[PDB]
$ cat final_5.csv   # CSV, C-alpha atoms and all ligand atoms
chain,number,residue,atom,x,y,z
A,225,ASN,CA,-30.1,29.4,4.6
A,226,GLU,CA,-33.0,27.0,4.6
A,227,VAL,CA,-32.0,26.2,0.9
A,228,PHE,CA,-28.3,25.4,1.3
A,229,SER,CA,-28.2,24.6,5.0
A,230,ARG,CA,-30.9,23.4,7.3
A,231,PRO,CA,-30.0,22.4,10.9
A,232,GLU,CA,-31.6,19.0,10.3
A,233,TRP,CA,-28.6,18.3,7.9
A,234,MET,CA,-25.9,18.8,10.5
A,235,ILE,CA,-27.1,15.3,11.4
A,236,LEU,CA,-26.0,12.6,8.9
A,237,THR,CA,-29.0,10.4,7.7
A,238,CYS,CA,-27.6,9.5,4.3
A,239,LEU,CA,-23.8,9.4,3.8
A,240,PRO,CA,-22.2,10.3,0.5
A,241,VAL,CA,-19.6,7.7,-0.8
A,242,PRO,CA,-16.5,9.2,-2.3
A,243,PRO,CA,-15.5,7.6,-5.7
A,244,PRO,CA,-12.3,5.7,-6.5
A,245,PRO,CA,-10.2,8.8,-7.5
A,246,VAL,CA,-10.4,10.2,-3.9
A,247,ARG,CA,-9.3,6.7,-2.6
A,248,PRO,CA,-7.0,5.0,-5.1
A,249,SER,CA,-5.6,1.4,-5.0
A,250,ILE,CA,-2.6,-0.5,-6.7
A,251,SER,CA,0.2,-2.0,-4.6
A,252,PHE,CA,4.0,-2.8,-4.4
A,253,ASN,CA,4.1,-6.5,-5.6
A,254,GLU,CA,1.4,-7.2,-8.2
A,255,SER,CA,-0.6,-10.3,-7.2
A,256,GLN,CA,-2.6,-8.8,-4.3
A,257,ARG,CA,-4.9,-5.9,-3.5
A,258,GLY,CA,-3.1,-2.9,-2.0
A,259,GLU,CA,-6.0,-0.8,-0.9
A,260,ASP,CA,-6.5,2.7,0.7
A,261,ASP,CA,-7.3,3.9,4.2
A,262,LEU,CA,-10.6,5.6,3.5
A,263,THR,CA,-11.9,2.4,2.0
A,264,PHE,CA,-11.0,0.5,5.2
A,265,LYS,CA,-13.1,2.9,7.4
A,266,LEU,CA,-15.9,2.8,4.8
A,267,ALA,CA,-15.9,-1.0,5.2
A,268,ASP,CA,-15.9,-0.4,9.0
A,269,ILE,CA,-18.9,1.9,8.5
A,270,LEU,CA,-20.7,-0.7,6.5
A,271,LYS,CA,-20.1,-3.5,9.0
A,272,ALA,CA,-21.2,-1.3,11.8
A,273,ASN,CA,-24.2,-0.4,9.7
A,274,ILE,CA,-25.1,-4.0,8.7
A,275,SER,CA,-24.9,-5.5,12.2
A,276,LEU,CA,-27.3,-2.7,13.4
A,277,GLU,CA,-29.9,-3.5,10.7
A,278,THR,CA,-29.5,-7.1,11.7
A,279,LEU,CA,-30.5,-6.6,15.4
A,280,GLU,CA,-33.6,-4.4,14.7
B,1079,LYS,CA,55.0,39.5,-14.3
B,1080,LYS,CA,55.5,39.8,-10.6
B,1081,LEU,CA,52.4,40.2,-8.4
B,1082,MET,CA,52.2,43.6,-6.7
B,1083,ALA,CA,51.0,41.9,-3.4
B,1084,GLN,CA,52.9,38.9,-2.1
B,1085,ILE,CA,50.6,36.0,-1.1
B,1086,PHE,CA,50.0,33.6,1.8
B,1087,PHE,CA,51.3,30.4,0.4
B,1088,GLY,CA,51.7,27.0,2.1
B,1089,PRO,CA,50.2,23.5,2.6
B,1090,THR,CA,46.8,23.2,4.5
B,1091,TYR,CA,44.8,20.1,5.2
B,1092,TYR,CA,41.6,20.0,3.1
B,1093,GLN,CA,38.8,17.4,3.3
B,1094,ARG,CA,36.7,16.4,0.3
B,1095,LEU,CA,33.1,16.6,1.5
B,1096,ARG,CA,30.4,14.4,-0.1
B,1097,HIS,CA,27.5,16.0,-2.0
B,1098,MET,CA,29.0,16.4,-5.5
B,1099,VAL,CA,27.3,18.5,-8.1
B,1100,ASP,CA,26.7,15.6,-10.5
B,1101,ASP,CA,24.7,14.0,-7.6
B,1102,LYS,CA,22.4,17.0,-7.5
B,1103,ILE,CA,21.8,18.4,-11.0
B,1104,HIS,CA,18.0,17.5,-11.1
B,1105,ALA,CA,16.1,19.1,-14.1
B,1106,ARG,CA,12.7,17.9,-15.2
B,1107,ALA,CA,10.4,19.1,-18.0
B,1108,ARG,CA,7.1,17.4,-17.4
B,1109,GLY,CA,7.2,13.7,-16.5
B,1110,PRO,CA,5.7,11.2,-14.1
B,1111,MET,CA,2.8,12.6,-12.0
B,1112,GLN,CA,1.4,11.1,-8.7
B,1113,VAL,CA,-1.7,9.0,-8.9
B,1114,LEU,CA,-3.7,10.8,-6.2
B,1115,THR,CA,-2.9,14.4,-7.1
B,1116,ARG,CA,-1.9,14.3,-10.8
B,1117,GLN,CA,0.8,16.7,-9.6
B,1118,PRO,CA,4.5,16.0,-10.4
B,1119,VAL,CA,6.4,13.5,-8.3
B,1120,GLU,CA,9.0,14.2,-5.5
B,1121,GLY,CA,12.7,13.3,-5.5
B,1122,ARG,CA,15.1,13.4,-8.4
B,1123,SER,CA,15.7,9.7,-8.5
B,1124,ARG,CA,12.1,9.5,-9.8
B,1125,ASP,CA,12.6,12.4,-12.2
B,1126,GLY,CA,10.3,14.7,-10.2
B,1127,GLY,CA,9.3,18.4,-10.2
C,17,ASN,CA,-18.0,-3.4,-23.0
C,18,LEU,CA,-14.6,-2.5,-21.7
C,19,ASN,CA,-12.1,-2.0,-24.5
C,20,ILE,CA,-8.8,-0.4,-23.4
C,21,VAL,CA,-6.2,0.4,-26.1
C,22,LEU,CA,-3.1,2.5,-26.9
C,23,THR,CA,-3.2,2.1,-30.7
C,24,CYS,CA,-1.3,4.9,-32.3
C,25,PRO,CA,-4.3,5.8,-34.5
C,26,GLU,CA,-2.3,7.1,-37.5
C,27,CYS,CA,-0.7,3.7,-38.4
C,28,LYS,CA,-2.6,0.9,-36.6
C,29,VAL,CA,-0.3,-2.1,-36.2
C,30,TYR,CA,-2.6,-4.1,-33.8
C,31,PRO,CA,-0.4,-3.9,-31.9
C,32,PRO,CA,3.0,-3.0,-30.5
C,33,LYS,CA,4.8,-1.8,-27.3
C,34,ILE,CA,5.1,2.0,-27.4
C,35,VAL,CA,7.7,2.6,-24.8
C,36,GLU,CA,7.2,3.6,-21.1
C,37,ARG,CA,9.9,6.3,-21.7
C,38,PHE,CA,12.2,7.4,-18.9
C,39,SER,CA,11.2,11.0,-18.2
C,40,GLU,CA,8.8,12.4,-20.9
C,41,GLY,CA,6.2,9.6,-20.7
C,42,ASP,CA,3.2,9.3,-22.9
C,43,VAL,CA,4.4,6.2,-24.8
C,44,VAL,CA,5.0,7.7,-28.3
C,45,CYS,CA,4.9,5.0,-31.0
C,46,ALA,CA,8.2,4.2,-32.8
C,47,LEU,CA,5.7,4.1,-35.7
C,48,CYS,CA,3.5,7.2,-36.1
C,49,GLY,CA,5.6,8.7,-33.4
C,50,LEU,CA,2.7,10.5,-31.8
C,51,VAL,CA,1.4,10.6,-28.2
C,52,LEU,CA,-1.1,8.9,-26.0
C,53,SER,CA,-2.3,10.7,-22.9
C,54,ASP,CA,0.3,11.9,-20.3
C,55,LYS,CA,0.8,8.8,-18.2
C,56,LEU,CA,1.4,10.3,-14.8
C,57,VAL,CA,1.2,7.0,-12.9
C,58,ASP,CA,4.3,5.9,-10.9
C,59,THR,CA,3.7,2.2,-9.9
C,60,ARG,CA,7.2,1.9,-8.3
C,61,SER,CA,5.9,4.3,-5.6
C,62,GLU,CA,3.8,2.0,-3.5
C,63,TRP,CA,2.6,2.7,0.0
C,64,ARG,CA,5.4,1.7,2.4
C,65,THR,CA,5.3,1.3,6.2
C,66,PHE,CA,6.0,5.1,6.7
C,81,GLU,CA,-2.3,2.5,3.2
C,82,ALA,CA,-1.3,-0.8,1.6
C,83,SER,CA,-2.4,-4.3,2.8
C,84,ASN,CA,-1.7,-7.8,1.7
C,85,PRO,CA,-4.8,-9.9,2.5
C,86,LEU,CA,-4.8,-13.7,1.9
C,87,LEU,CA,-8.2,-14.5,3.4
C,88,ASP,CA,-11.1,-12.3,2.4
C,89,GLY,CA,-10.5,-8.6,3.3
C,90,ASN,CA,-8.8,-7.1,6.3
C,91,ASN,CA,-10.3,-4.0,8.1
C,92,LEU,CA,-9.5,-3.7,11.8
C,93,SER,CA,-11.3,-1.9,14.6
C,94,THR,CA,-10.5,0.2,17.7
C,95,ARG,CA,-7.3,-0.8,19.5
C,96,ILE,CA,-6.8,2.7,20.8
C,97,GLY,CA,-3.4,3.7,22.5
C,98,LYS,CA,-2.5,7.2,21.4
C,99,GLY,CA,-1.3,9.2,24.4
C,100,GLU,CA,-3.5,12.2,24.1
C,101,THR,CA,-6.5,11.3,26.3
C,102,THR,CA,-6.5,8.0,28.4
C,103,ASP,CA,-8.6,5.2,27.1
C,104,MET,CA,-9.3,3.7,30.5
C,105,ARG,CA,-13.1,3.9,30.6
C,106,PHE,CA,-13.4,4.2,26.8
C,107,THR,CA,-10.9,1.4,26.0
C,108,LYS,CA,-13.2,-1.0,27.8
C,109,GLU,CA,-16.2,0.7,26.2
C,110,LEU,CA,-14.9,0.0,22.7
C,111,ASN,CA,-12.9,-3.3,23.3
C,112,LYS,CA,-16.1,-4.8,24.7
C,113,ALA,CA,-18.2,-3.3,21.9
C,114,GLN,CA,-16.0,-4.8,19.2
C,115,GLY,CA,-15.8,-8.1,21.2
C,116,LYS,CA,-19.6,-8.3,20.9
C,117,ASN,CA,-19.6,-7.8,17.2
C,118,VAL,CA,-17.4,-10.8,16.4
C,119,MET,CA,-20.4,-12.9,17.2
C,120,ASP,CA,-22.9,-11.8,14.3
C,121,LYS,CA,-22.2,-13.9,11.2
C,122,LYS,CA,-19.9,-16.8,11.9
C,123,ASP,CA,-16.9,-14.6,12.4
C,124,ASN,CA,-15.1,-17.4,14.2
C,125,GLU,CA,-13.7,-20.3,12.0
C,126,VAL,CA,-11.3,-18.8,9.5
C,127,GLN,CA,-9.8,-16.5,12.1
C,128,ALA,CA,-9.6,-19.2,14.8
C,129,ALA,CA,-7.9,-21.4,12.2
C,130,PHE,CA,-5.3,-18.9,11.1
C,131,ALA,CA,-4.4,-17.8,14.7
C,132,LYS,CA,-4.1,-21.4,16.0
C,133,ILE,CA,-2.2,-22.1,12.8
C,134,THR,CA,0.5,-19.4,13.5
C,135,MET,CA,0.9,-20.8,17.0
C,136,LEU,CA,1.5,-24.5,16.0
C,137,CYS,CA,4.1,-23.5,13.4
C,138,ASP,CA,5.9,-20.8,15.4
C,139,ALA,CA,6.4,-23.3,18.2
C,140,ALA,CA,8.2,-25.7,15.9
C,141,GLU,CA,9.8,-22.7,14.2
C,142,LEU,CA,8.3,-23.4,10.7
C,143,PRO,CA,9.3,-20.9,8.0
C,144,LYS,CA,7.0,-17.9,7.3
C,145,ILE,CA,7.3,-17.8,3.5
C,146,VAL,CA,6.0,-21.4,2.9
C,147,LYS,CA,4.9,-22.0,6.5
C,148,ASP,CA,2.1,-19.5,5.7
C,149,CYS,CA,1.6,-20.9,2.2
C,150,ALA,CA,0.2,-24.2,3.5
C,151,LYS,CA,-2.2,-22.3,5.8
C,152,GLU,CA,-3.8,-20.9,2.6
C,153,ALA,CA,-4.1,-24.5,1.4
C,154,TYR,CA,-6.1,-25.3,4.6
C,155,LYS,CA,-8.5,-22.5,4.0
C,156,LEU,CA,-9.0,-24.0,0.5
C,157,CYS,CA,-9.4,-27.5,2.1
C,158,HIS,CA,-11.8,-26.4,4.9
C,159,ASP,CA,-14.2,-25.4,2.2
C,160,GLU,CA,-15.6,-27.7,-0.6
C,161,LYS,CA,-16.8,-31.0,1.0
C,162,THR,CA,-14.7,-33.8,-0.5
C,163,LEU,CA,-14.6,-36.7,2.0
C,164,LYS,CA,-12.8,-34.7,4.6
C,165,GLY,CA,-13.8,-36.8,7.7
C,166,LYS,CA,-12.4,-33.6,9.0
C,167,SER,CA,-10.6,-33.8,12.4
C,168,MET,CA,-9.0,-30.3,12.5
C,169,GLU,CA,-5.7,-31.9,13.6
C,170,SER,CA,-5.7,-34.2,10.6
C,171,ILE,CA,-5.7,-31.6,7.8
C,172,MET,CA,-3.4,-29.5,10.0
C,173,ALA,CA,-0.7,-32.2,9.4
C,174,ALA,CA,-1.1,-31.4,5.7
C,175,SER,CA,-0.5,-27.7,6.4
C,176,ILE,CA,2.4,-28.9,8.6
C,177,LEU,CA,3.9,-30.8,5.7
C,178,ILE,CA,3.4,-28.2,2.8
C,179,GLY,CA,4.5,-25.6,5.4
C,180,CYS,CA,7.7,-27.5,5.9
C,181,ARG,CA,8.0,-27.8,2.1
C,182,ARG,CA,9.7,-24.4,2.0
C,183,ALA,CA,13.0,-26.1,2.9
C,184,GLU,CA,13.4,-29.1,5.2
C,185,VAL,CA,13.0,-26.6,8.1
C,186,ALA,CA,11.6,-28.9,10.8
C,187,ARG,CA,11.2,-32.0,8.7
C,188,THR,CA,12.0,-34.5,8.0
C,189,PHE,CA,8.2,-34.4,7.9
C,190,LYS,CA,8.0,-37.9,9.4
C,191,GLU,CA,9.5,-36.7,12.7
C,192,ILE,CA,7.0,-33.9,13.0
C,193,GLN,CA,4.4,-36.6,12.3
C,194,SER,CA,5.9,-38.7,15.1
C,195,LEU,CA,5.6,-35.6,17.3
C,196,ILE,CA,2.3,-35.1,19.2
C,197,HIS,CA,-0.8,-37.1,18.3
C,198,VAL,CA,-2.5,-38.9,15.4
C,199,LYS,CA,0.1,-40.6,13.2
C,200,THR,CA,-1.6,-43.4,11.4
C,201,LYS,CA,-5.0,-43.8,9.7
C,202,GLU,CA,-6.0,-40.2,10.3
C,203,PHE,CA,-2.7,-39.1,8.6
C,204,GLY,CA,-3.7,-41.4,5.7
C,205,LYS,CA,-7.0,-39.5,5.1
C,206,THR,CA,-4.9,-36.3,5.0
C,207,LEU,CA,-2.1,-37.6,2.7
C,208,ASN,CA,-4.9,-38.4,0.2
C,209,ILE,CA,-6.5,-35.0,0.4
C,210,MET,CA,-3.2,-33.3,-0.6
C,211,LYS,CA,-2.8,-35.6,-3.7
C,212,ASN,CA,-6.4,-34.7,-4.7
C,213,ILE,CA,-5.8,-30.9,-4.2
C,214,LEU,CA,-2.5,-30.9,-6.2
C,215,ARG,CA,-4.2,-32.6,-9.2
C,216,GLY,CA,-7.1,-30.1,-9.0
C,217,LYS,CA,-6.7,-27.4,-11.7
D,1201,ZN,ZN,1.9,5.2,-34.8

$ encode --input "final_5.csv" --output "structure tokens"
Amino acid sequence: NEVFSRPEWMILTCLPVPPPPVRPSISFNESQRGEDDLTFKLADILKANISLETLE
Amino acid sequence: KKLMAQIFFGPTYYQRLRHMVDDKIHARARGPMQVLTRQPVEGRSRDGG
Amino acid sequence: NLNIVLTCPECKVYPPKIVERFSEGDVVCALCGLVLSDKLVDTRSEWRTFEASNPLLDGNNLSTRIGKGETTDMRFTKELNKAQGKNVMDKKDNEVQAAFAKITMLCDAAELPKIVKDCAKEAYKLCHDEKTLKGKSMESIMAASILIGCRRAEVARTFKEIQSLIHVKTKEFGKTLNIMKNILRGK
């Protein structure tokens, strides 16, 4: 559409971060974290992104 | 009064199966919703929809 | 500024428990007997093994470790297991991890209890940081996490016997016995 979809956007330059309601928390005990899966992979994305900026 | 058709009458072994009605009469009318979906919860032990 | 409250509104008491209810929810005051929101949050329903995580040191993530029988990893297993084995060199990754893995090996071998066996290993991670006359020997402060780890019950000790086991039972054990007394009196 040029307006809503340019081919240059099928490639991810800037990645949107989904808020806390998509990826909730709270646990089973009540003295520790109890996190979500998406968050984990987002942390993995960040580490992989930080170590890259490091080398360059 | 007598019954116009005689009946098949005699002892027969019957087992009492589990799953009794009282163990199944779930009924909810708005209650605890899930965190992720804000949709009612599953199972009757949690009072679900 | 974060203020969170359930005050009834109609007859402020400042403040009282409103009930969690059983089915209806919403915490209606036994005072104005009104409502507050809809609740809709089951805390009993935590993520089971069937996602939850109980981290004690920093934050656990994980990477790779592919094994799903769909397409064989072979070439790609080594592509990613090498690539993740390169990354655990960027910012002092080794230290805490090496300490906790070597920690679970020394305790498991003597069969130290997990509930309090792991408790003392948290104490070591608090003792490895902070700089108070450690004269750190690695093995030395490990005999502190071998004592408090056996503090669950007298699982293997008889702490003196586990001291008489292996190496360093003397002056270097003295430095360590002191460190524990200083850590206990530390609020
Ligand atoms: Zn009230």

$ residues_near_ligand --input "final_5.csv" --ligand "ligand ZN 1201 (chain D)" --cutoff "12 Å" --atoms "only C-alpha atoms and all ligand atoms" --output "list in words"
residues 22, 23, 24, 25, 26, 27, 28, 29, 30, 31, 32, 33, 34, 35, 43, 44, 45, 46, 47, 48, 49, 50, 51 and 52 of chain C

$ interface_residues --input "final_5.csv" --of "chain A" --to "chain B" --cutoff "9 Å" --atoms "all atoms listed in the file" --output "compact mmCIF listing (two decimals) with C-alpha atoms, keeping the file's coordinate frame"
# COMPACT_ATOMS: atom_id res chain seq x y z
CA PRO A 245 -10.20 8.80 -7.50
CA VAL A 246 -10.40 10.20 -3.90
CA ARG A 247 -9.30 6.70 -2.60
CA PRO A 248 -7.00 5.00 -5.10

$ residues_around --input "final_5.csv" --residues "region 1095-1107 of chain B" --least-positions-apart "3" --cutoff "8 Å" --atoms "only C-alpha atoms" --output "PyMOL selection string"
(chain B and resi 1122+1125-1127) or (chain C and resi 39-40)

$ residues_around --input "final_5.csv" --residues "residue 136 (chain C)" --least-positions-apart "5" --cutoff "12 Å" --atoms "all atoms listed in the file" --output "number ranges by chain"
C: 129-131, 141-143, 147-148, 151, 169, 172-173, 175-176, 179, 192, 195-196

$ write_last_selection --input "final_5.csv" --atoms "C-alpha atoms" --output "PDB file, keeping the file's coordinate frame"
ATOM      1  CA  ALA C 129      -7.900 -21.400  12.200  1.00  0.00           C
ATOM      2  CA  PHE C 130      -5.300 -18.900  11.100  1.00  0.00           C
ATOM      3  CA  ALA C 131      -4.400 -17.800  14.700  1.00  0.00           C
ATOM      4  CA  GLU C 141       9.800 -22.700  14.200  1.00  0.00           C
ATOM      5  CA  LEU C 142       8.300 -23.400  10.700  1.00  0.00           C
ATOM      6  CA  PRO C 143       9.300 -20.900   8.000  1.00  0.00           C
ATOM      7  CA  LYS C 147       4.900 -22.000   6.500  1.00  0.00           C
ATOM      8  CA  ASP C 148       2.100 -19.500   5.700  1.00  0.00           C
ATOM      9  CA  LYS C 151      -2.200 -22.300   5.800  1.00  0.00           C
ATOM     10  CA  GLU C 169      -5.700 -31.900  13.600  1.00  0.00           C
ATOM     11  CA  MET C 172      -3.400 -29.500  10.000  1.00  0.00           C
ATOM     12  CA  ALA C 173      -0.700 -32.200   9.400  1.00  0.00           C
ATOM     13  CA  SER C 175      -0.500 -27.700   6.400  1.00  0.00           C
ATOM     14  CA  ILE C 176       2.400 -28.900   8.600  1.00  0.00           C
ATOM     15  CA  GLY C 179       4.500 -25.600   5.400  1.00  0.00           C
ATOM     16  CA  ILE C 192       7.000 -33.900  13.000  1.00  0.00           C
ATOM     17  CA  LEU C 195       5.600 -35.600  17.300  1.00  0.00           C
ATOM     18  CA  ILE C 196       2.300 -35.100  19.200  1.00  0.00           C
TER      19      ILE C 196
END

$ interface_residues --input "final_5.csv" --of "chain C" --to "chain B" --cutoff "10 Å" --atoms "all atoms listed in the file" --output "count of residues only"
14

$ closest_residue --input "final_5.csv" --among "C:19, C:206, C:114, C:102" --to "chain A" --atoms "only C-alpha atoms"
C:114

$ interface_residues --input "final_5.csv" --of "chain C" --to "chain A" --cutoff "12 Å" --atoms "all atoms listed in the file" --output "CSV table (one decimal) with C-alpha atoms, in the coordinates of the input"
chain,number,residue,atom,x,y,z
C,57,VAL,CA,1.2,7.0,-12.9
C,58,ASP,CA,4.3,5.9,-10.9
C,59,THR,CA,3.7,2.2,-9.9
C,60,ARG,CA,7.2,1.9,-8.3
C,61,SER,CA,5.9,4.3,-5.6
C,62,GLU,CA,3.8,2.0,-3.5
C,63,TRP,CA,2.6,2.7,0.0
C,64,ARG,CA,5.4,1.7,2.4
C,65,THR,CA,5.3,1.3,6.2
C,81,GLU,CA,-2.3,2.5,3.2
C,82,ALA,CA,-1.3,-0.8,1.6
C,83,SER,CA,-2.4,-4.3,2.8
C,84,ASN,CA,-1.7,-7.8,1.7
C,85,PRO,CA,-4.8,-9.9,2.5
C,86,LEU,CA,-4.8,-13.7,1.9
C,87,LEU,CA,-8.2,-14.5,3.4
C,88,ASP,CA,-11.1,-12.3,2.4
C,89,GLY,CA,-10.5,-8.6,3.3
C,90,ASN,CA,-8.8,-7.1,6.3
C,91,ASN,CA,-10.3,-4.0,8.1
C,92,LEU,CA,-9.5,-3.7,11.8
C,93,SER,CA,-11.3,-1.9,14.6
C,94,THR,CA,-10.5,0.2,17.7
C,113,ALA,CA,-18.2,-3.3,21.9
C,114,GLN,CA,-16.0,-4.8,19.2
C,116,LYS,CA,-19.6,-8.3,20.9
C,117,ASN,CA,-19.6,-7.8,17.2
C,118,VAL,CA,-17.4,-10.8,16.4
C,119,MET,CA,-20.4,-12.9,17.2
C,120,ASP,CA,-22.9,-11.8,14.3
C,121,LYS,CA,-22.2,-13.9,11.2

$ atom_distance --input "final_5.csv" --atom1 "CA of residue 187 (chain C)" --atom2 "CA of residue 144 (chain C)"
14.8 Å

$ atom_distance --input "final_5.csv" --atom1 "CA of residue 215 (chain C)" --atom2 "CA of residue 185 (chain C)"
25.1 Å

$ atom_distance --input "final_5.csv" --atom1 "CA of residue 137 (chain C)" --atom2 "CA of residue 174 (chain C)"
12.2 Å

$ axis_aligned_box --input "final_5.csv" --around "region 1081-1099 of chain B" --padding-each-side "6 Å" --output "JSON"
{"center_x": 40.1, "center_y": 29.0, "center_z": -1.6, "size_x": 37.6, "size_y": 41.2, "size_z": 25.6}

$ closest_residue --input "final_5.csv" --among "C:214, C:18, C:198, C:207" --to "residue 164 (chain C)" --atoms "all atoms listed in the file"
C:207
